[PDB]
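Comments concern the structure below.
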Amino acid sequence: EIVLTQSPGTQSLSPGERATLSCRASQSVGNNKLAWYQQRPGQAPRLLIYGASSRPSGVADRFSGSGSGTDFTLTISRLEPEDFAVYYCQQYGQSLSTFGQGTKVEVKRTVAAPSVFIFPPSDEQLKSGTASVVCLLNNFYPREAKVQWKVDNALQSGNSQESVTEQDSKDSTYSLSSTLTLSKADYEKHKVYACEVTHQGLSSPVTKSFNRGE
Amino acid sequence: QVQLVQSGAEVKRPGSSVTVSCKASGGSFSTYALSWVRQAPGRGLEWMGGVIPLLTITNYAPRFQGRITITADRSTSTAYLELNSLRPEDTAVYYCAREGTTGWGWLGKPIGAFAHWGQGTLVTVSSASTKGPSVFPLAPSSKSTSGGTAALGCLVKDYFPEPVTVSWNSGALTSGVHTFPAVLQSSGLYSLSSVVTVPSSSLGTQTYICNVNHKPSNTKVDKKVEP
Amino acid sequence: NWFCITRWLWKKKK
């Protein structure tokens, strides 16, 4: 039951750069039947290399694979815009085939502080008995970002969910949303709602807030 | 030219069974290995099993033995995947993939690796009932009426199942638009928001509308967002 | 190995 290990799970690289991805197998991969796939968001996987080093027709030559036994490597001589995606390695050396967890290659670019916005719940929602407060971190880099919710300066935990977009194809930044969900009754119990953001691009944390019904 | 076309999206209740199809065309069917790979939302690829049509030689991953049945009809160049006793954990996009062939052409010696893939079939496993979302505005801040950028949006909450599509001004506005990945709430319903940044000087002159479409419920909503 | 069968079938015919 061959376990494939791909690490790092993520690498940040500049365009035109060279990239080398690792894939370790618990045991020897039969007949070096190791393959690499590329998968872009919203798209099906695409075969890049098979047989540990054979590149199928229709695949640019900047893609090269190597290794044997239990150690294998995929190399991209120069990262073109379309090469930034997730890469998976699979072994088919035995009847029970397996995949690695994948390595994601993002575009490393200059630091960009997020522009922060906070939105109160709409009156149209409150009427249904629920209050969603939304915090938006717009176009920032790097990925790492800490968003803290504070209601009447009391730290919140467990009642918010966030989602991040895929790296923008044009400016290579990320955007994030944090949604604090409360019952209408709970929402009515406090005055000041604030969102506090910490990020490499910010010298000091940024806070955006509003007074309920104000 | 090998093209694989899979059946449409499915929505099943836990414990039920589902059958997804894969019709191949543009090559020979019988002598080439065809596998089924799945991918849960935001997760990695998982090989489930495969079949060689000629003698219906199946190969199942131990983890699915008993719940999975893969068939293939040589008369219609169609392979099938049947998964029983569904569980929410089986929610995923299921792909069928056929191994490639040496060098040029497609009648060369098989290579084992998956070179051809279907478009994928989203199978959702939940107890929730089909529901169109409610759309709430994310009103642009009054704190930024002049000078800089302004942000406005739409909160698309409580719908099922996936997917839902969002546009702005019937698709005329696309720059600075961000539609976030839906989150599956404990209620069994999905939620997401779509935001867009525009010049604040444009708040007093340009109307902004988010068009939300949820085909699964034949729902369409156009909501105007303003200060 | 199941992933070898089409190779062997192809060779047996080729």
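Every chain in the structure tokens takes a letter, A first, then B, and so on in the order presented; its residues are numbered from 1, and the ligands are numbered from 1 following the presented order.
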- Message: Taking only C-alpha atoms into account and nothing else, which residues of chain C lie no more than 6 Å away from chain B? Please answer as a PyMOL selection string.
- Response: chain C and resi 3+6-7
N, CA, C and O atoms of the current selection, written as a short mmCIF file (atom, residue, chain, number, x, y, z; two decimals), in the first residue's frame:
```cif
data_model
loop_
_atom_site.label_atom_id
_atom_site.label_comp_id
_atom_site.auth_asym_id
_atom_site.auth_seq_id
_atom_site.Cartn_x
_atom_site.Cartn_y
_atom_site.Cartn_z
N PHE C 3 -2.08 -2.92 -14.16
CA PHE C 3 -1.73 -1.86 -15.12
C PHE C 3 -0.80 -2.36 -16.22
O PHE C 3 -0.35 -1.59 -17.08
N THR C 6 -2.98 -4.47 -20.39
CA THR C 6 -3.17 -3.98 -21.75
C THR C 6 -1.84 -4.05 -22.49
O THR C 6 -1.77 -4.33 -23.68
N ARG C 7 -0.73 -3.82 -21.80
CA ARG C 7 0.58 -3.91 -22.43
C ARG C 7 0.80 -5.34 -22.94
O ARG C 7 1.23 -5.57 -24.07
#
```
Please identify every residue of chain B that has at least one atom no farther than 7 Å from an atom of chain A, counting only C-alpha atoms, and for each give the shortest atom pair and the distance in Å to one decimal, arranged by chain then increasing number, as CSV.
```
residue,atom,partner,partner_atom,distance
B:44,CA,A:101,CA,5.6
B:45,CA,A:99,CA,6.6
B:46,CA,A:99,CA,6.5
B:47,CA,A:98,CA,6.2
B:59,CA,A:95,CA,6.9
B:61,CA,A:96,CA,5.7
B:103,CA,A:57,CA,6.3
B:104,CA,A:57,CA,6.7
B:113,CA,A:50,CA,5.9
B:114,CA,A:47,CA,6.4
B:115,CA,A:47,CA,5.2
B:117,CA,A:44,CA,6.9
B:119,CA,A:44,CA,6.6
B:136,CA,A:122,CA,6.4
B:137,CA,A:122,CA,6.4
B:138,CA,A:119,CA,5.8
B:139,CA,A:119,CA,6.7
B:180,CA,A:165,CA,5.6
B:181,CA,A:163,CA,6.1
```
Selection file, C-alpha atoms, as a PDB file, in the first residue's frame:
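Ended up saving to selection-v6.pdb:
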```pdb
ATOM      1  CA  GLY B  44      -6.528  15.435  -3.619  1.00  0.00           C
ATOM      2  CA  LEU B  45      -7.118  12.832  -6.324  1.00  0.00           C
ATOM      3  CA  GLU B  46      -8.084   9.326  -5.240  1.00  0.00           C
ATOM      4  CA  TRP B  47      -7.853   6.281  -7.517  1.00  0.00           C
ATOM      5  CA  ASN B  59      -9.483  -3.902 -10.456  1.00  0.00           C
ATOM      6  CA  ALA B  61      -9.096  -0.501  -4.524  1.00  0.00           C
ATOM      7  CA  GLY B 103       4.414   8.187 -29.116  1.00  0.00           C
ATOM      8  CA  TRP B 104       2.041   9.441 -31.796  1.00  0.00           C
ATOM      9  CA  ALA B 113      -0.738   6.505 -16.985  1.00  0.00           C
ATOM     10  CA  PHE B 114      -3.981   8.443 -17.452  1.00  0.00           C
ATOM     11  CA  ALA B 115      -3.709  10.717 -20.494  1.00  0.00           C
ATOM     12  CA  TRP B 117      -9.957  12.451 -18.755  1.00  0.00           C
ATOM     13  CA  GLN B 119     -15.171  16.414 -17.793  1.00  0.00           C
ATOM     14  CA  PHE B 136     -28.483  39.920   0.589  1.00  0.00           C
ATOM     15  CA  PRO B 137     -26.583  43.090  -0.321  1.00  0.00           C
ATOM     16  CA  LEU B 138     -23.172  43.969   1.089  1.00  0.00           C
ATOM     17  CA  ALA B 139     -23.718  47.726   0.988  1.00  0.00           C
ATOM     18  CA  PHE B 180     -15.540  33.279  -3.036  1.00  0.00           C
ATOM     19  CA  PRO B 181     -15.608  29.473  -2.689  1.00  0.00           C
TER      20      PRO B 181
END
```
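The residues of region 29-223 of chain B that DSSP assigns to helix (DSSP H, G or I) on this backbone come out as residues 53, 54, 55, 62, 63, 64, 88, 89, 90, 142, 143, 144, 169, 170, 171, 200, 201, 202, 215, 216 and 217 of chain B.
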Selection export as a PDB file, in the first residue's frame, atoms kept: N, CA, C and O atoms:
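Just written: again07.pdb:
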```pdb
ATOM      1  N   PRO B  53     -12.289  -3.389 -20.591  1.00  0.00           N
ATOM      2  CA  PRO B  53     -13.479  -3.835 -21.325  1.00  0.00           C
ATOM      3  C   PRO B  53     -13.452  -5.221 -21.973  1.00  0.00           C
ATOM      4  O   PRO B  53     -14.357  -6.025 -21.749  1.00  0.00           O
ATOM      5  N   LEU B  54     -12.427  -5.487 -22.781  1.00  0.00           N
ATOM      6  CA  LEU B  54     -12.307  -6.764 -23.495  1.00  0.00           C
ATOM      7  C   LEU B  54     -12.815  -7.990 -22.727  1.00  0.00           C
ATOM      8  O   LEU B  54     -13.603  -8.779 -23.253  1.00  0.00           O
ATOM      9  N   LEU B  55     -12.367  -8.148 -21.488  1.00  0.00           N
ATOM     10  CA  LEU B  55     -12.796  -9.274 -20.663  1.00  0.00           C
ATOM     11  C   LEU B  55     -13.342  -8.781 -19.336  1.00  0.00           C
ATOM     12  O   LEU B  55     -13.301  -9.492 -18.330  1.00  0.00           O
ATOM     13  N   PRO B  62      -9.072  -1.855  -2.468  1.00  0.00           N
ATOM     14  CA  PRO B  62      -9.588  -2.498  -1.252  1.00  0.00           C
ATOM     15  C   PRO B  62     -10.567  -1.653  -0.437  1.00  0.00           C
ATOM     16  O   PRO B  62     -11.554  -2.164   0.098  1.00  0.00           O
ATOM     17  N   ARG B  63     -10.284  -0.359  -0.352  1.00  0.00           N
ATOM     18  CA  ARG B  63     -11.101   0.587   0.400  1.00  0.00           C
ATOM     19  C   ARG B  63     -12.550   0.654  -0.091  1.00  0.00           C
ATOM     20  O   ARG B  63     -13.443   1.059   0.650  1.00  0.00           O
ATOM     21  N   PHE B  64     -12.783   0.254  -1.337  1.00  0.00           N
ATOM     22  CA  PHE B  64     -14.122   0.309  -1.914  1.00  0.00           C
ATOM     23  C   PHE B  64     -14.742  -1.051  -2.211  1.00  0.00           C
ATOM     24  O   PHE B  64     -15.914  -1.132  -2.595  1.00  0.00           O
ATOM     25  N   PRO B  88     -21.997  11.064   3.097  1.00  0.00           N
ATOM     26  CA  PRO B  88     -21.587  12.445   2.800  1.00  0.00           C
ATOM     27  C   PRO B  88     -20.112  12.548   2.395  1.00  0.00           C
ATOM     28  O   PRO B  88     -19.729  13.419   1.615  1.00  0.00           O
ATOM     29  N   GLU B  89     -19.299  11.652   2.946  1.00  0.00           N
ATOM     30  CA  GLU B  89     -17.871  11.591   2.662  1.00  0.00           C
ATOM     31  C   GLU B  89     -17.600  11.248   1.184  1.00  0.00           C
ATOM     32  O   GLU B  89     -16.483  11.420   0.696  1.00  0.00           O
ATOM     33  N   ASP B  90     -18.620  10.763   0.482  1.00  0.00           N
ATOM     34  CA  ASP B  90     -18.482  10.411  -0.930  1.00  0.00           C
ATOM     35  C   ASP B  90     -18.800  11.592  -1.849  1.00  0.00           C
ATOM     36  O   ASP B  90     -18.787  11.444  -3.073  1.00  0.00           O
ATOM     37  N   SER B 142     -20.175  53.942   3.904  1.00  0.00           N
ATOM     38  CA  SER B 142     -20.389  55.379   3.775  1.00  0.00           C
ATOM     39  C   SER B 142     -19.105  56.075   4.223  1.00  0.00           C
ATOM     40  O   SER B 142     -18.928  57.277   4.017  1.00  0.00           O
ATOM     41  N   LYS B 143     -18.215  55.291   4.832  1.00  0.00           N
ATOM     42  CA  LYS B 143     -16.928  55.768   5.339  1.00  0.00           C
ATOM     43  C   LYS B 143     -15.982  56.066   4.173  1.00  0.00           C
ATOM     44  O   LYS B 143     -14.930  56.682   4.351  1.00  0.00           O
ATOM     45  N   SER B 144     -16.362  55.615   2.982  1.00  0.00           N
ATOM     46  CA  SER B 144     -15.565  55.842   1.781  1.00  0.00           C
ATOM     47  C   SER B 144     -16.468  56.319   0.641  1.00  0.00           C
ATOM     48  O   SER B 144     -16.706  55.585  -0.319  1.00  0.00           O
ATOM     49  N   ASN B 169     -23.780  43.151 -13.260  1.00  0.00           N
ATOM     50  CA  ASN B 169     -24.319  43.950 -14.353  1.00  0.00           C
ATOM     51  C   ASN B 169     -24.427  43.131 -15.635  1.00  0.00           C
ATOM     52  O   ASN B 169     -23.983  43.550 -16.706  1.00  0.00           O
ATOM     53  N   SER B 170     -25.027  41.952 -15.498  1.00  0.00           N
ATOM     54  CA  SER B 170     -25.235  41.041 -16.610  1.00  0.00           C
ATOM     55  C   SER B 170     -23.938  40.638 -17.284  1.00  0.00           C
ATOM     56  O   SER B 170     -23.927  40.294 -18.463  1.00  0.00           O
ATOM     57  N   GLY B 171     -22.842  40.687 -16.536  1.00  0.00           N
ATOM     58  CA  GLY B 171     -21.562  40.294 -17.097  1.00  0.00           C
ATOM     59  C   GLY B 171     -20.731  41.425 -17.672  1.00  0.00           C
ATOM     60  O   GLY B 171     -19.624  41.190 -18.151  1.00  0.00           O
ATOM     61  N   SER B 200     -14.907  55.027  -5.818  1.00  0.00           N
ATOM     62  CA  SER B 200     -15.956  55.595  -4.988  1.00  0.00           C
ATOM     63  C   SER B 200     -16.663  56.745  -5.704  1.00  0.00           C
ATOM     64  O   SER B 200     -17.828  57.038  -5.434  1.00  0.00           O
ATOM     65  N   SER B 201     -15.957  57.392  -6.622  1.00  0.00           N
ATOM     66  CA  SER B 201     -16.545  58.494  -7.374  1.00  0.00           C
ATOM     67  C   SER B 201     -17.669  57.919  -8.233  1.00  0.00           C
ATOM     68  O   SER B 201     -18.570  58.631  -8.649  1.00  0.00           O
ATOM     69  N   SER B 202     -17.615  56.612  -8.471  1.00  0.00           N
ATOM     70  CA  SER B 202     -18.616  55.937  -9.287  1.00  0.00           C
ATOM     71  C   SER B 202     -19.884  55.486  -8.544  1.00  0.00           C
ATOM     72  O   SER B 202     -20.821  54.970  -9.160  1.00  0.00           O
ATOM     73  N   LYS B 215     -29.364  26.957 -10.992  1.00  0.00           N
ATOM     74  CA  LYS B 215     -30.106  26.094 -11.890  1.00  0.00           C
ATOM     75  C   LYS B 215     -30.796  24.933 -11.172  1.00  0.00           C
ATOM     76  O   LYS B 215     -31.962  24.637 -11.440  1.00  0.00           O
ATOM     77  N   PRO B 216     -30.092  24.267 -10.239  1.00  0.00           N
ATOM     78  CA  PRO B 216     -30.692  23.143  -9.515  1.00  0.00           C
ATOM     79  C   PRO B 216     -32.093  23.439  -8.988  1.00  0.00           C
ATOM     80  O   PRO B 216     -32.890  22.528  -8.792  1.00  0.00           O
ATOM     81  N   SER B 217     -32.394  24.710  -8.765  1.00  0.00           N
ATOM     82  CA  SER B 217     -33.716  25.091  -8.274  1.00  0.00           C
ATOM     83  C   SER B 217     -34.380  26.041  -9.253  1.00  0.00           C
ATOM     84  O   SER B 217     -35.409  26.643  -8.941  1.00  0.00           O
TER      85      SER B 217
END
```
- Check every residue of chain C for an atom within 9 Å of chain A, counting only C-alpha atoms, and provide those that qualify as number ranges by chain. C: 1-4
- residue 81 (chain B): which residues within 8 Å, counting only C-alpha atoms, same-chain residues fewer than 5 positions away excluded, as number ranges by chain? B: 19-21, 36, 68-71
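Once residue 187 (chain B) and its same-chain neighbours fewer than 3 positions away are set aside, residues 126, 127, 128, 129, 157, 158, 159, 160, 183, 184, 190 and 191 of chain B remain within 12 Å of it when counting only C-alpha atoms.
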- Which residues, written as number ranges by chain, have at least one atom at most 8 Å from residue 123 (chain B), with only C-alpha atoms counted and residues fewer than 5 positions away on the same chain left out? B: 9-12, 90-94
For the residues in the current selection, export N, CA, C and O atoms as a compact mmCIF listing (two decimals), in the first residue's frame.
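The new file result.txt reads:
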```
# COMPACT_ATOMS: atom_id res chain seq x y z
N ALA B 9 -24.41 15.82 -13.26
CA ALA B 9 -24.33 15.91 -11.81
C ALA B 9 -25.43 15.12 -11.10
O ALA B 9 -26.53 14.96 -11.61
N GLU B 10 -25.11 14.63 -9.90
CA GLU B 10 -26.04 13.83 -9.11
C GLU B 10 -26.14 14.32 -7.67
O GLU B 10 -25.19 14.85 -7.10
N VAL B 11 -27.32 14.11 -7.08
CA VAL B 11 -27.58 14.50 -5.70
C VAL B 11 -28.23 13.29 -5.03
O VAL B 11 -29.33 12.89 -5.41
N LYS B 12 -27.55 12.68 -4.07
CA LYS B 12 -28.08 11.49 -3.41
C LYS B 12 -28.17 11.59 -1.90
O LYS B 12 -27.44 12.35 -1.26
N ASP B 90 -18.62 10.76 0.48
CA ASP B 90 -18.48 10.41 -0.93
C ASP B 90 -18.80 11.59 -1.85
O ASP B 90 -18.79 11.44 -3.07
N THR B 91 -19.10 12.75 -1.27
CA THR B 91 -19.39 13.94 -2.07
C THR B 91 -18.11 14.30 -2.80
O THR B 91 -17.09 14.57 -2.18
N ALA B 92 -18.17 14.31 -4.12
CA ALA B 92 -16.97 14.62 -4.89
C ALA B 92 -17.22 14.64 -6.38
O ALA B 92 -18.28 14.23 -6.86
N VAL B 93 -16.23 15.13 -7.10
CA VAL B 93 -16.30 15.13 -8.55
C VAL B 93 -15.63 13.81 -8.92
O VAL B 93 -14.52 13.53 -8.47
N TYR B 94 -16.34 13.00 -9.70
CA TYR B 94 -15.82 11.71 -10.14
C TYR B 94 -15.39 11.80 -11.61
O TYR B 94 -16.16 12.23 -12.47
```
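Between residue 6 (chain B) and the residues B:120, B:161, B:140, B:27, the shortest atom-to-atom distance, using only C-alpha atoms, involves B:120.
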- Item | In region 117-173 of chain A, DSSP strand (DSSP E) residues written as a list in words | residues 117, 118, 119, 130, 131, 132, 133, 134, 135, 136, 137, 138, 139, 140, 146, 147, 148, 149, 150, 151, 154, 155, 160, 161, 162, 163 and 164 of chain A
